[PDB]
Amino acid sequence: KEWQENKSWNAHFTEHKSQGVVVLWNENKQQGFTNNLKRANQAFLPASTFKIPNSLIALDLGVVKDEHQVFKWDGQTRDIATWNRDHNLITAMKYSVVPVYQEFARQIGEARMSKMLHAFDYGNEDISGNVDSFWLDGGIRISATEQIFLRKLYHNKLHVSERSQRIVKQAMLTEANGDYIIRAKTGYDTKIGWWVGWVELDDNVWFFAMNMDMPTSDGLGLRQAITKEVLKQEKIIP
Amino acid sequence: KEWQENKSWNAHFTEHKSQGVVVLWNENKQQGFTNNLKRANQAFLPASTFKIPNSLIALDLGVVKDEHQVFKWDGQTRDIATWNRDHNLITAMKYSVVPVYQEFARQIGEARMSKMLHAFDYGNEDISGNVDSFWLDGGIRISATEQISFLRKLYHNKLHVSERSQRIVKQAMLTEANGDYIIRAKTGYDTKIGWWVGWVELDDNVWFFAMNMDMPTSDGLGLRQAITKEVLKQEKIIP
Ligand SMILES: [Cl-]
Ligand SMILES: [Cl-]
Ligand SMILES: [Cl-]
Ligand SMILES: [Cl-]
Ligand SMILES: [Mg+2]
Ligand SMILES: [Mg+2]
Ligand SMILES: [Mg+2]
């Protein structure tokens, strides 16, 4: 009753010769839905969805002063054109600028990063590996249901200031029109791709967390596209 | 120069057989642009654009606890269907739900309202009339450039209210967002004129805008956004 399985959504993954899970949470009804109950609770690397807690920690420790502070390009020409420029928290989130967040993580340091993830109840709370890459290739793991962390963020219940939480929710802003607002973050670890966040409507909020097998970055647009198809199927968005 | 007049934009108004002003402010360059410097400084009733300062004050005084608090419909059936229901701050600003803001204003009260508009440097700072209708039929007046000035303070958290209040109101002003830009803004209509004021966030800049236009009928209200967007598009601010 609290959780309900809907395998019809599998078609949206197999339509694209893929495999994955979408988890939805209806906040007003306190009811969850997914196409795959097992996979909804399997833990994966968070990859760049880790930018959500990393941002909160950087803000609350004063590593980042506000969303306007500029992190200047380090002058290394990288493969992603939008990384080769100055950023602030907003644009760094938007373009998933790993080198900016690696600098945050080094400033934060291991002892504080670990304490804060413990305080967040975030995934397996394990930062084994490099302090500035463990969310990409170290020991940290989180499941889709565990990402649905987001409910605490939404309600300002995380163990960081309300201000830090409002700034990160602002930075997560992805889309808005007269029908809905999406606040979310993508991630990709070269094997699975993520999209996690929520959809704000006039009278409700739907939290989502999706991950999918993702051999190639050619199909990264499928993270949003598959998720939106489910949302349209469920009459959450038009 | 700091201000430049671009009368080519008059084309966007006349092509819809109306008259009005658009003011733009390029924050990076600290430069302003308008089709009409005189109308840019003409002070009008703010109408529902007053919901921005009203929200700020209601939040800072704790009249509104946060953006999720529900304000129950009072049960009076009004002419606007979306008004005949429960609202929170977000939906009340979205649907310009006058009666909800009238209740805010009555609880703020005239002394605190007057004091905070002075602290805000808002328009002519005049709240004469009823405390719960003066922005619709009373003495307060604000010009397009004054709107820009006020919005720049809000953007930068420089208004004399808490940073929290300012962040919540900027959230409530969210109108549109895609991969290219974010618009935070508020419409207004006082039966004779229509407004649209706010700003456009880009990756590397912010453009503030304030527009108003003659509005003899409610049929043309969509022209407030349409005209403003045509100008933004002309200036390659948005695609
Ligand atoms: Cl926002
Ligand atoms: Cl990504
Ligand atoms: Cl420029
Ligand atoms: Cl609005
Ligand atoms: Mg680079
Ligand atoms: Mg280790
Ligand atoms: Mg409501």
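When reading the values below, keep in mind they use all heavy atoms of this one structure, side chains included, and skip hydrogens, waters and symmetry mates. Chain letters run A, B, ... following the sequence lines, proteins first and then strands; every chain starts at 1.
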Requested in this report: Select, from B/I168, B/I183, B/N88, B/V70, the one with the greatest count of heavy-atom pairs under 4.5 Å involving chain A.
Outcome: B/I168

Query raised in the report: If you measure from CG on A/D66 to NE2 on B/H156, what distance do you get to the nearest 0.5 Å?
Result: 11.0 Å

Requested in this report: Heavy-atom distances under 4.5 Å only: say whether A/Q170 touches chain B with side chain, backbone, both or neither.
Outcome: side chain

**Report entry** B/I90 side, atom CD1; A/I181 side, atom CD1 - distance, nearest 0.5 Å
**Finding:** 7.0 Å

**Report entry** Side chain to side chain, A/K94 and B/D203, heavy atoms closer than 4.5 Å
**Finding:** yes

Query raised in the report: Any salt bridge between B/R85 and A/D203, counting N to O under 4.0 Å?
Result: no

Query raised in the report: How far does CG of A/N156 sit from NE2 of B/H68, to the nearest 0.5 angstrom?
Result: 8.5 Å

Query raised in the report: Salt bridge between B/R167 and A/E162, side-chain N to carboxylate O under 4.0 Å?
Result: no

Query raised in the report: Given that the side chain runs from C-beta out, which part of A/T174 has a heavy atom under 4.5 Å from chain B: side chain, backbone, both or neither?
Result: backbone

